[PDB]
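With compact mmCIF, C-alpha atoms and all ligand atoms inside, this is start_32.txt:
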```
# COMPACT_ATOMS: atom_id res chain seq x y z
CA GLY A 4 1.41 23.49 30.27
CA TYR A 5 -2.19 24.53 29.58
CA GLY A 6 -1.34 28.14 28.78
CA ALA A 7 0.35 27.46 25.43
CA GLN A 8 -2.30 25.30 23.81
CA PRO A 9 -4.57 26.78 21.09
CA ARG A 10 -8.27 25.96 21.04
CA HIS A 11 -9.03 22.95 18.87
CA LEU A 12 -10.98 23.39 15.63
CA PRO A 13 -14.36 21.65 15.46
CA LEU A 14 -14.39 18.47 13.37
CA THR A 15 -16.08 18.48 9.98
CA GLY A 16 -19.21 16.43 10.33
CA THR A 17 -19.64 13.04 8.68
CA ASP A 18 -22.44 12.25 6.21
CA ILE A 19 -23.99 9.19 4.60
CA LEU A 20 -22.09 7.45 1.80
CA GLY A 21 -25.17 7.08 -0.37
CA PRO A 22 -25.40 4.32 -2.99
CA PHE A 23 -23.20 5.85 -5.71
CA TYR A 24 -19.64 5.57 -4.34
CA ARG A 25 -17.32 3.64 -6.64
CA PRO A 26 -13.75 2.67 -5.68
CA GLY A 27 -10.99 3.07 -8.23
CA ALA A 28 -11.36 6.72 -9.25
CA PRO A 29 -8.21 7.96 -11.02
CA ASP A 30 -5.80 10.50 -9.63
CA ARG A 31 -6.55 13.79 -11.41
CA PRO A 32 -3.29 15.76 -11.38
CA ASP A 33 -4.96 18.82 -12.96
CA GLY A 34 -8.01 18.51 -10.66
CA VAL A 35 -10.43 18.39 -13.59
CA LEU A 36 -13.34 16.04 -12.86
CA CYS A 37 -15.16 16.36 -16.19
CA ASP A 38 -15.12 17.78 -19.66
CA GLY A 39 -16.28 21.39 -19.73
CA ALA A 40 -15.82 21.97 -16.01
CA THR A 41 -16.26 25.63 -14.99
CA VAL A 42 -16.80 25.53 -11.19
CA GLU A 43 -13.81 25.54 -8.84
CA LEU A 44 -13.76 24.21 -5.28
CA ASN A 45 -10.63 24.96 -3.24
CA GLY A 46 -9.57 24.91 0.40
CA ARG A 47 -7.35 23.27 2.99
CA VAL A 48 -7.28 19.98 4.88
CA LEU A 49 -6.41 20.60 8.53
CA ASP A 50 -6.39 18.47 11.66
CA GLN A 51 -8.08 19.35 14.96
CA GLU A 52 -5.02 21.33 16.07
CA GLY A 53 -5.17 23.43 12.93
CA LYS A 54 -2.08 21.77 11.44
CA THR A 55 -2.04 21.06 7.75
CA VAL A 56 -2.46 17.47 6.61
CA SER A 57 0.21 17.20 3.95
CA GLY A 58 -0.59 14.80 1.11
CA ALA A 59 -4.20 14.25 2.06
CA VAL A 60 -6.32 13.08 -0.88
CA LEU A 61 -9.93 13.97 -1.61
CA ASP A 62 -11.85 11.06 -3.21
CA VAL A 63 -14.71 13.00 -4.83
CA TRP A 64 -17.90 12.00 -6.63
CA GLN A 65 -21.04 13.80 -7.70
CA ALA A 66 -23.99 13.97 -10.06
CA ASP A 67 -23.96 15.93 -13.31
CA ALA A 68 -26.19 18.96 -13.91
CA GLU A 69 -29.13 16.64 -14.67
CA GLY A 70 -28.69 14.76 -11.37
CA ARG A 71 -27.09 11.63 -12.83
CA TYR A 72 -24.06 9.76 -11.54
CA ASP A 73 -21.66 7.84 -13.78
CA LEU A 74 -22.12 4.18 -12.85
CA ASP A 75 -19.95 2.85 -15.70
CA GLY A 76 -16.84 5.01 -15.54
CA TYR A 77 -15.29 7.89 -13.66
CA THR A 78 -16.84 11.04 -15.13
CA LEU A 79 -17.37 13.45 -12.20
CA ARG A 80 -15.25 11.16 -9.95
CA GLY A 81 -11.63 11.63 -9.02
CA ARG A 82 -8.86 11.67 -6.46
CA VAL A 83 -7.48 15.17 -5.85
CA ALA A 84 -4.20 15.47 -3.97
CA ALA A 85 -3.68 18.28 -1.48
CA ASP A 86 -0.27 19.93 -1.64
CA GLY A 87 2.43 20.12 1.05
CA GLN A 88 0.53 22.95 2.76
CA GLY A 89 -2.76 21.00 2.75
CA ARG A 90 -4.26 23.10 -0.06
CA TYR A 91 -6.57 21.48 -2.62
CA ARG A 92 -8.27 22.66 -5.80
CA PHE A 93 -10.59 20.83 -8.18
CA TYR A 94 -12.80 21.77 -11.14
CA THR A 95 -16.30 20.46 -11.72
CA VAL A 96 -19.89 21.42 -12.57
CA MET A 97 -22.66 22.45 -10.18
CA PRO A 98 -24.32 19.11 -9.30
CA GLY A 99 -27.99 18.77 -10.08
CA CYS A 100 -30.84 17.68 -7.84
CA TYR A 101 -32.30 14.21 -8.18
CA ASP A 102 -35.30 12.18 -7.06
CA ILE A 103 -34.68 9.53 -4.37
CA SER A 104 -38.30 8.35 -4.08
CA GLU A 105 -39.55 5.22 -5.79
CA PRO A 106 -41.26 6.05 -9.11
CA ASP A 107 -44.70 4.98 -7.81
CA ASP A 108 -44.35 6.76 -4.45
CA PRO A 109 -47.09 9.36 -3.98
CA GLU A 110 -46.52 13.02 -4.70
CA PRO A 111 -44.50 14.98 -3.80
CA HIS A 112 -41.36 12.90 -4.22
CA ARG A 113 -38.20 13.58 -2.20
CA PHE A 114 -35.41 15.32 -4.10
CA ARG A 115 -31.85 15.76 -2.90
CA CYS A 116 -30.32 19.23 -2.82
CA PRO A 117 -27.11 19.80 -4.76
CA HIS A 118 -24.15 18.20 -3.06
CA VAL A 119 -20.64 16.87 -3.59
CA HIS A 120 -19.52 13.64 -1.90
CA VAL A 121 -15.99 13.59 -0.40
CA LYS A 122 -13.85 10.97 1.30
CA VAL A 123 -10.64 12.31 2.84
CA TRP A 124 -7.72 9.85 2.80
CA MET A 125 -4.21 9.93 4.25
CA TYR A 126 -2.32 7.16 2.41
CA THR A 127 -4.46 4.01 2.98
CA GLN A 128 -6.33 5.45 6.00
CA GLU A 129 -9.78 6.94 5.48
CA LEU A 130 -10.14 9.99 7.74
CA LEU A 131 -13.64 11.18 6.75
CA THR A 132 -16.71 10.42 4.63
CA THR A 133 -18.85 13.52 4.19
CA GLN A 134 -20.84 15.70 1.77
CA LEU A 135 -20.52 19.39 0.89
CA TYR A 136 -23.58 21.56 0.22
CA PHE A 137 -24.25 24.91 -1.51
CA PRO A 138 -26.02 28.03 -0.21
CA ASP A 139 -29.59 28.96 -1.10
CA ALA A 140 -29.93 25.89 -3.34
CA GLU A 141 -33.07 24.06 -4.36
CA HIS A 142 -34.36 21.57 -1.75
CA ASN A 143 -31.89 22.67 0.96
CA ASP A 144 -34.92 23.35 3.12
CA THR A 145 -36.27 19.77 2.99
CA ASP A 146 -33.22 17.58 2.37
CA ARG A 147 -32.77 15.26 5.31
CA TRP A 148 -28.95 15.50 5.37
CA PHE A 149 -28.30 19.13 4.39
CA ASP A 150 -26.09 20.73 7.05
CA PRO A 151 -25.33 24.49 7.17
CA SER A 152 -21.90 23.79 8.68
CA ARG A 153 -20.86 22.01 5.45
CA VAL A 154 -22.01 24.69 3.01
CA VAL A 155 -19.17 25.91 0.78
CA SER A 156 -18.36 29.63 0.92
CA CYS A 157 -18.92 31.79 -2.12
CA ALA A 158 -15.62 33.39 -3.01
CA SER A 159 -16.84 35.55 -5.90
CA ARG A 160 -19.84 37.29 -7.42
CA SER A 161 -19.71 34.81 -10.36
CA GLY A 162 -20.73 31.63 -8.53
CA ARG A 163 -17.80 29.72 -10.03
CA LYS A 164 -15.39 29.83 -7.07
CA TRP A 165 -16.16 28.05 -3.81
CA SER A 166 -14.05 27.33 -0.74
CA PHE A 167 -14.23 24.87 2.11
CA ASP A 168 -11.77 23.89 4.83
CA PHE A 169 -11.87 20.33 6.15
CA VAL A 170 -11.02 19.57 9.78
CA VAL A 171 -10.22 15.87 10.22
CA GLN A 172 -9.26 13.79 13.20
CA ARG A 173 -5.76 12.43 12.73
CA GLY B 4 -30.74 3.28 -0.98
CA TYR B 5 -30.94 6.94 0.08
CA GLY B 6 -34.54 7.05 1.31
CA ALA B 7 -34.34 5.40 4.71
CA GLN B 8 -30.76 6.33 5.57
CA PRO B 9 -30.50 8.22 8.88
CA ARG B 10 -29.18 11.72 9.41
CA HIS B 11 -25.77 11.50 11.04
CA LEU B 12 -25.14 12.90 14.53
CA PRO B 13 -22.45 15.61 14.86
CA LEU B 14 -19.19 14.27 16.24
CA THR B 15 -18.23 15.13 19.78
CA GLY B 16 -15.45 17.64 19.48
CA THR B 17 -11.87 16.93 20.45
CA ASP B 18 -10.06 18.92 23.13
CA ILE B 19 -6.53 19.36 24.46
CA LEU B 20 -5.04 16.64 26.66
CA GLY B 21 -3.53 19.04 29.13
CA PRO B 22 -0.45 18.11 31.19
CA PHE B 23 -2.06 15.85 33.82
CA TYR B 24 -3.05 12.68 31.97
CA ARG B 25 -1.74 9.41 33.33
CA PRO B 26 -1.84 6.18 31.30
CA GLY B 27 -2.75 2.90 32.93
CA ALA B 28 -5.67 4.02 35.06
CA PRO B 29 -7.44 1.03 36.64
CA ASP B 30 -10.80 -0.33 35.64
CA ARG B 31 -13.56 0.83 38.05
CA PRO B 32 -16.37 -1.80 37.94
CA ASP B 33 -18.58 0.28 40.23
CA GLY B 34 -17.65 3.46 38.35
CA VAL B 35 -16.43 5.07 41.59
CA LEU B 36 -13.53 7.44 40.88
CA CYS B 37 -12.92 8.49 44.48
CA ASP B 38 -13.98 7.72 48.01
CA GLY B 39 -16.91 9.94 48.94
CA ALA B 40 -18.08 10.71 45.41
CA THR B 41 -21.39 12.58 45.28
CA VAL B 42 -21.88 13.46 41.59
CA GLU B 43 -23.00 10.98 38.93
CA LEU B 44 -22.19 11.36 35.24
CA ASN B 45 -24.09 9.06 32.89
CA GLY B 46 -24.92 8.78 29.23
CA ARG B 47 -24.33 6.71 26.11
CA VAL B 48 -21.46 6.26 23.65
CA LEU B 49 -22.84 6.38 20.09
CA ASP B 50 -21.29 6.41 16.65
CA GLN B 51 -22.08 8.91 13.91
CA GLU B 52 -25.15 6.83 12.78
CA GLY B 53 -26.59 6.90 16.31
CA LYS B 54 -25.82 3.22 16.89
CA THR B 55 -24.62 2.31 20.35
CA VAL B 56 -20.96 1.46 20.91
CA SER B 57 -21.20 -1.43 23.32
CA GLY B 58 -18.19 -1.95 25.57
CA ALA B 59 -16.53 1.37 24.81
CA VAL B 60 -14.39 2.54 27.72
CA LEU B 61 -14.19 6.06 29.11
CA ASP B 62 -10.72 6.87 30.50
CA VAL B 63 -11.54 9.72 32.88
CA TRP B 64 -9.40 12.11 34.91
CA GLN B 65 -10.10 15.34 36.75
CA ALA B 66 -9.05 17.65 39.55
CA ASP B 67 -10.54 17.39 43.01
CA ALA B 68 -12.74 20.04 44.62
CA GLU B 69 -9.66 22.17 45.40
CA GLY B 70 -8.51 22.15 41.78
CA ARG B 71 -5.68 19.67 42.41
CA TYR B 72 -4.93 16.58 40.31
CA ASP B 73 -3.55 13.35 41.82
CA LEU B 74 0.07 13.32 40.67
CA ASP B 75 1.09 10.26 42.72
CA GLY B 76 -1.71 7.73 42.22
CA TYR B 77 -5.04 7.15 40.54
CA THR B 78 -7.47 9.05 42.74
CA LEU B 79 -10.16 10.63 40.53
CA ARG B 80 -8.84 8.65 37.55
CA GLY B 81 -10.38 5.49 36.15
CA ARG B 82 -11.57 3.41 33.22
CA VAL B 83 -15.37 3.08 33.08
CA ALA B 84 -16.95 0.48 30.79
CA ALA B 85 -20.11 1.18 28.80
CA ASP B 86 -22.57 -1.70 28.77
CA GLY B 87 -24.20 -3.63 25.90
CA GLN B 88 -26.50 -0.69 25.19
CA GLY B 89 -23.64 1.80 25.19
CA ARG B 90 -24.65 3.20 28.60
CA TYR B 91 -22.06 4.43 31.10
CA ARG B 92 -22.19 5.91 34.57
CA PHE B 93 -19.51 6.97 36.99
CA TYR B 94 -19.30 8.73 40.34
CA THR B 95 -16.97 11.63 41.08
CA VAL B 96 -16.81 15.10 42.63
CA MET B 97 -17.48 18.45 41.05
CA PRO B 98 -13.97 19.42 39.88
CA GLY B 99 -12.57 22.70 41.06
CA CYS B 100 -11.01 25.46 39.03
CA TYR B 101 -7.26 25.91 39.15
CA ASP B 102 -4.59 28.44 38.27
CA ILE B 103 -2.73 27.86 35.01
CA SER B 104 -0.53 30.94 35.49
CA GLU B 105 2.91 31.09 37.01
CA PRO B 106 3.21 33.55 39.93
CA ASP B 107 5.60 35.50 37.68
CA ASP B 108 2.45 36.67 35.89
CA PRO B 109 0.77 39.66 37.58
CA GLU B 110 -2.06 39.09 40.07
CA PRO B 111 -4.76 38.85 37.36
CA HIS B 112 -3.95 35.13 37.09
CA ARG B 113 -5.88 32.84 34.78
CA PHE B 114 -8.02 29.95 35.98
CA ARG B 115 -9.60 27.15 34.03
CA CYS B 116 -13.30 26.51 34.32
CA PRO B 117 -14.32 23.18 35.90
CA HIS B 118 -13.94 20.26 33.52
CA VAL B 119 -13.56 16.50 33.25
CA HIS B 120 -11.05 14.99 30.82
CA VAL B 121 -12.19 11.92 28.86
CA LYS B 122 -10.55 9.56 26.37
CA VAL B 123 -12.93 7.14 24.64
CA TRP B 124 -11.42 3.72 23.85
CA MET B 125 -12.54 0.60 22.01
CA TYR B 126 -10.08 -2.12 23.16
CA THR B 127 -6.65 -0.54 22.52
CA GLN B 128 -7.96 1.89 19.87
CA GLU B 129 -8.36 5.46 21.09
CA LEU B 130 -11.45 7.00 19.45
CA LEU B 131 -11.48 10.46 21.06
CA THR B 132 -9.68 12.76 23.47
CA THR B 133 -11.94 15.47 24.80
CA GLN B 134 -13.23 17.44 27.80
CA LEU B 135 -16.65 17.89 29.37
CA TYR B 136 -17.85 21.17 30.83
CA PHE B 137 -20.58 22.31 33.21
CA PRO B 138 -23.32 24.95 32.84
CA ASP B 139 -23.01 28.41 34.40
CA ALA B 140 -19.69 27.56 36.05
CA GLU B 141 -16.93 29.95 37.10
CA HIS B 142 -14.68 31.11 34.25
CA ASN B 143 -16.76 29.51 31.48
CA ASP B 144 -16.94 32.98 29.95
CA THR B 145 -13.14 33.40 29.67
CA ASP B 146 -11.74 29.85 29.44
CA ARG B 147 -9.98 29.34 26.13
CA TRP B 148 -11.31 25.79 25.54
CA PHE B 149 -14.83 25.88 27.02
CA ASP B 150 -17.32 24.65 24.43
CA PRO B 151 -21.10 24.80 24.99
CA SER B 152 -21.59 21.70 22.83
CA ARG B 153 -19.73 19.66 25.45
CA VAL B 154 -21.59 20.99 28.48
CA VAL B 155 -23.27 18.21 30.46
CA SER B 156 -27.07 18.32 30.80
CA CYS B 157 -28.61 18.46 34.23
CA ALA B 158 -30.51 15.23 34.72
CA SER B 159 -31.63 15.97 38.31
CA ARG B 160 -29.39 18.57 40.08
CA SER B 161 -30.82 17.16 43.35
CA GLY B 162 -29.09 13.81 43.04
CA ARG B 163 -26.33 15.83 41.38
CA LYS B 164 -26.81 13.79 38.21
CA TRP B 165 -25.44 14.91 34.85
CA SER B 166 -25.83 13.43 31.37
CA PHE B 167 -23.77 13.48 28.21
CA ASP B 168 -23.91 11.43 24.99
CA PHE B 169 -20.61 10.92 23.20
CA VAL B 170 -20.64 10.60 19.41
CA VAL B 171 -17.47 8.99 18.06
CA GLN B 172 -16.41 8.25 14.53
CA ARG B 173 -16.39 4.55 13.62
CA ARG B 174 -15.82 2.62 10.41
CA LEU B 175 -19.20 1.96 8.81
CA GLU B 176 -19.49 -1.17 6.66
FE FE A 201 -25.42 11.92 -3.84
FE FE A 202 -7.68 19.92 33.40
```

Please, can you express the file's structure as structure tokens?
Amino acid sequence: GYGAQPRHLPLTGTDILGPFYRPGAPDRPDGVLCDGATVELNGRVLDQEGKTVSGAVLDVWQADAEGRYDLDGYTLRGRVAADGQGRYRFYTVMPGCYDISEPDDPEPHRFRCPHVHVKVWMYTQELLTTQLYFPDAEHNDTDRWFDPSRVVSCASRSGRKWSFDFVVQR
Amino acid sequence: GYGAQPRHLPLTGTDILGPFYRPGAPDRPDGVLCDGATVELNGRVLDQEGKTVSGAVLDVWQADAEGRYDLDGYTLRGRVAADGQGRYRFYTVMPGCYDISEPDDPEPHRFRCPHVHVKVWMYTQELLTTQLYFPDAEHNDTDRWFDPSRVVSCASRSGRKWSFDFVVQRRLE
């Protein structure tokens, strides 16, 4: 009956795909998205009941520190498998900001704040397309899509360990 | 390109089904869930981009004013079809609170706040199971599942009209 049921967890919000998604990113068994990675993102994938989503995969892509995406290959792109308890871990660089205005647009141009793009998959089913953001980062105040509910949590004084739990609709 | 892309709308949260759902509720072309209904709920069904979901169906069930569900038939249950602009409306009663304790529990029993259960469907695809709540209602403060982001907005309060916009996750192409 009603009495036994826990409160559901709020769903992680969606976000725009943007123009830089590329299918075919390799599975990254060690979670390393690029050479020289020093920043770790970790967390869990849960459903709305708080149950772990075993074997979920994060399909991740981002810009490099200069704000450039790899359009030719899979640097800073990868598929990261969550474990049997829904835990994931991947290693990357802090993504840089980048201009999304046309070059001749008047000043000031619009710059995106740092962000990581994530699709969550369960086998062939896409459960979520979203973006993760960072706290107190340049252009967070003006970016159209920045959302405080999708800011990763700082797990250490160093700024190299970040955590975020996904809540997906099964 | 990024520039013109819209900001997504937050998804309507899920909620528990509870024990009183019944599949197969009939379509209600007039949106009337019970004889004598006095309260109107209306709104739109949107996707995460804010685009309307034409023809989505709300599969609604609730308790009557005494806090009792219909366990024999389909009173205060029904399927309500959104139109081509995603707009829905249905007519019901203000649901009552009801005890979720057994009498074995001591006299401080627990009651739910008033709520309406809703499943959103597109054809045979279920998009959402959730619950809608009311403002400043009894037991909102203690109910385990009450969520202010799913409280209906008073449209009139004189016509007893309430509004809520659903935001459901769809495949974007
Ligand atoms: Fe981007
Ligand atoms: Fe109920």

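Taking atom CA of residue A:64 and atom CA of residue B:10 as the two end points, the separation is 19.6 Å.
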
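The smallest atom-to-atom distance between chain B and any of A:80, A:92, A:120, A:173, using only C-alpha atoms, is found for A:173.
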
Counting only C-alpha atoms, what is within 8 Å of stretch 29-37 of chain B, bar same-chain residues fewer than 5 positions away, as a ChimeraX atom specification? /B:77-84,92-96

Generate a file of the selected residues that holds C-alpha atoms, formatted as an mmCIF file, in the coordinates of the input.
```
data_model
loop_
_atom_site.group_PDB
_atom_site.id
_atom_site.type_symbol
_atom_site.label_atom_id
_atom_site.label_comp_id
_atom_site.auth_asym_id
_atom_site.auth_seq_id
_atom_site.Cartn_x
_atom_site.Cartn_y
_atom_site.Cartn_z
ATOM 1 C CA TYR B 77 -5.040 7.150 40.540
ATOM 2 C CA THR B 78 -7.470 9.050 42.740
ATOM 3 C CA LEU B 79 -10.160 10.630 40.530
ATOM 4 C CA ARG B 80 -8.840 8.650 37.550
ATOM 5 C CA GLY B 81 -10.380 5.490 36.150
ATOM 6 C CA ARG B 82 -11.570 3.410 33.220
ATOM 7 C CA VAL B 83 -15.370 3.080 33.080
ATOM 8 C CA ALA B 84 -16.950 0.480 30.790
ATOM 9 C CA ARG B 92 -22.190 5.910 34.570
ATOM 10 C CA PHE B 93 -19.510 6.970 36.990
ATOM 11 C CA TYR B 94 -19.300 8.730 40.340
ATOM 12 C CA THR B 95 -16.970 11.630 41.080
ATOM 13 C CA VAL B 96 -16.810 15.100 42.630
#
```

May I ask which of the residues B:28, B:170, B:59, B:135 is the closest one to chain A, counting only C-alpha atoms?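 The closest residue to chain A is B:170.
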
Just want the residues within 8 Å of ligand FE 201 (chain A), written as a ChimeraX atom specification, counting all atoms listed in the file. /A:20-23,65-66,115,118-120

Quick one: contact table of chain A to ligand FE 202 (chain A), 12 Å max, nearest atom pair and distance in Å to one decimal per residue, counting only C-alpha atoms and all ligand atoms, chain and number order, as a Markdown table?
```
| residue | atom | partner | partner_atom | distance |
| --- | --- | --- | --- | --- |
| A:4 | CA | A:FE202 | FE | 10.3 |
| A:5 | CA | A:FE202 | FE | 8.1 |
| A:6 | CA | A:FE202 | FE | 11.4 |
```

Using only C-alpha atoms, pick whichever of B:7, B:116, B:157, B:14 has the shortest atom-to-atom distance to chain A.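 That would be B:14, the residue with the smallest distance to chain A.
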
Could you produce a table of the residues of chain A lying within 8 Å of chain B, with the nearest pair of atoms per residue and their separation in Å rounded to one decimal, using only C-alpha atoms, ordered by chain and increasing residue number, as JSON lines?
```
{"residue": "A:4", "atom": "CA", "partner": "B:22", "partner_atom": "CA", "distance": 5.8}
{"residue": "A:5", "atom": "CA", "partner": "B:21", "partner_atom": "CA", "distance": 5.7}
{"residue": "A:6", "atom": "CA", "partner": "B:103", "partner_atom": "CA", "distance": 6.4}
{"residue": "A:8", "atom": "CA", "partner": "B:19", "partner_atom": "CA", "distance": 7.3}
{"residue": "A:9", "atom": "CA", "partner": "B:147", "partner_atom": "CA", "distance": 7.8}
{"residue": "A:10", "atom": "CA", "partner": "B:148", "partner_atom": "CA", "distance": 5.4}
{"residue": "A:11", "atom": "CA", "partner": "B:18", "partner_atom": "CA", "distance": 6.0}
{"residue": "A:13", "atom": "CA", "partner": "B:16", "partner_atom": "CA", "distance": 5.8}
{"residue": "A:14", "atom": "CA", "partner": "B:16", "partner_atom": "CA", "distance": 6.3}
{"residue": "A:16", "atom": "CA", "partner": "B:13", "partner_atom": "CA", "distance": 5.6}
{"residue": "A:17", "atom": "CA", "partner": "B:11", "partner_atom": "CA", "distance": 6.7}
{"residue": "A:18", "atom": "CA", "partner": "B:11", "partner_atom": "CA", "distance": 5.9}
{"residue": "A:19", "atom": "CA", "partner": "B:11", "partner_atom": "CA", "distance": 7.1}
{"residue": "A:21", "atom": "CA", "partner": "B:5", "partner_atom": "CA", "distance": 5.8}
{"residue": "A:22", "atom": "CA", "partner": "B:4", "partner_atom": "CA", "distance": 5.8}
{"residue": "A:51", "atom": "CA", "partner": "B:17", "partner_atom": "CA", "distance": 7.1}
{"residue": "A:103", "atom": "CA", "partner": "B:6", "partner_atom": "CA", "distance": 6.2}
{"residue": "A:104", "atom": "CA", "partner": "B:6", "partner_atom": "CA", "distance": 6.7}
{"residue": "A:147", "atom": "CA", "partner": "B:10", "partner_atom": "CA", "distance": 6.5}
{"residue": "A:148", "atom": "CA", "partner": "B:10", "partner_atom": "CA", "distance": 5.5}
```

Stretch 117-124 of chain B environment, 8 Å, only C-alpha atoms, sequence neighbours closer than 2 positions dropped, as JSON, numbers by chain: {"B": [20, 59, 60, 61, 62, 63, 64, 65, 66, 97, 98, 99, 100, 115, 126, 127, 128, 129, 130, 131, 132, 133, 134, 135, 136, 137, 140, 141]}

Non-local contacts of stretch 35-39 of chain A (7 Å; only C-alpha atoms; under 5 positions in same chain excluded) as a ChimeraX atom specification: /A:78-81,93-95

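The residue that comes closest to residue B:89, out of B:74, B:68, B:56, B:155 and on the basis of only C-alpha atoms, is B:56.
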
One decimal, in Å: what's the spacing between atom CA of residue A:82 and atom CA of residue A:128?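 These atoms are spaced 14.2 Å apart.
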
Please return, as a PyMOL selection string, all polymer residues that have at least one atom within 9 Å of the point (-17.6, 22.5, -5.2); use all atoms listed in the file and the file's own coordinate frame. chain A and resi 42-45+93-98+118-119+135-137+155+163-167

Using only C-alpha atoms, determine which residues lie at most 6 Å from stretch 69-72 of chain A, disregarding the query and same-chain residues fewer than 3 positions distant; provide the list as a PDB file with C-alpha atoms, in the coordinates of the input.
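Saved to out.pdb:
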```pdb
ATOM      1  CA  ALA A  66     -23.990  13.970 -10.060  1.00  0.00           C
ATOM      2  CA  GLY A  99     -27.990  18.770 -10.080  1.00  0.00           C
ATOM      3  CA  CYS A 100     -30.840  17.680  -7.840  1.00  0.00           C
ATOM      4  CA  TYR A 101     -32.300  14.210  -8.180  1.00  0.00           C
TER       5      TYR A 101
END
```

Between atom CA of residue B:109 and atom CA of residue B:142, what is the distance, to one decimal in Å?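 Distance reported for this atom pair: 18.0 Å.
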
Write out as a count of residues only each polymer residue whose atoms come within 10 Å of residue B:90, counting only C-alpha atoms; drop sequence neighbours fewer than 2 positions from it. 17

For a quick check of understanding, using all atoms listed in the file, which of B:161, B:156, B:41, B:166 has the smallest distance to residue B:139? B:156
